[PDB]
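The chain that follows stands alone, in the form deposited in one PDB entry, written as structure tokens.
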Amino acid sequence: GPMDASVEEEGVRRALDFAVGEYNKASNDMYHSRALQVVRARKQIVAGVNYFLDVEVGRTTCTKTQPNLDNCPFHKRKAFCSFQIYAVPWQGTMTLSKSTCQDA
């Protein structure tokens, strides 16, 4: 989650300049705009990994409601999948950003 950030931080002030710039690009106005003042400043450290996994996937001889599926024997369907996964490894979180499969 977000936490308090001090405007003393170089990165905070650099982000103000950026956003003010973006405002000027967006605005229909001949006049330049700049910040009167920051009224709130927060930061969130972002740290994760994207996994890009190209995999071939087969059909086992077990149903999905069965046990010990990790070493369940293989069979005829064989697919190619490209997965993209975002992980925050010390939070033990993972999220599927993209899954694209075809028969192979």
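Throughout, we count residues from 1 along the sequence that is shown.
Visitor: Could you tell me how many residues of the deposited sequence sit unmodelled between residue 43 and residue 44 (none, 1 to 3, 4 to 9, 10 or more)?
Guide: In the record, the chain runs straight from residue 43 to residue 44 with none unmodelled.
Visitor: If you average the CA temperature factors as listed in the entry, which stretch comes out higher, 85 to 93 or 14 to 22?
Guide: Averaging CA B-factors over each stretch, the winner is 85 to 93.
Visitor: Taking the mean of the C-alpha B-factors per stretch from the entry, tell me the winner out of 94 to 102 and 2 to 10.
Guide: 2 to 10 has the higher mean C-alpha B-factor.
Visitor: Per the entry, which of 27, 33, 50, 68 tops the list for Cα B factor?
Guide: By C-alpha B-factor in the record, 68 ranks first.
Visitor: Sort the modelled residues of this chain by their C-alpha B factor and say whether residue 72 lands in the lowest, middle or highest third.
Guide: Residue 72: CA B-factor falls in the highest third of its chain.
Visitor: Select lowest, middle or highest to describe the third in which the CA B-factor of residue 55 falls within its chain in this entry.
Guide: CA B-factor rank for residue 55: lowest third.
As for the form deposited in another entry, it is not shown, yet the points below apply to it.
Visitor: Hey, with one rigid portion rotating against the other between this form and the one not shown, which of 30, 63, 25, 45 would you call the hinge?
Guide: Domain boundary, by the fit switch, is at 45.
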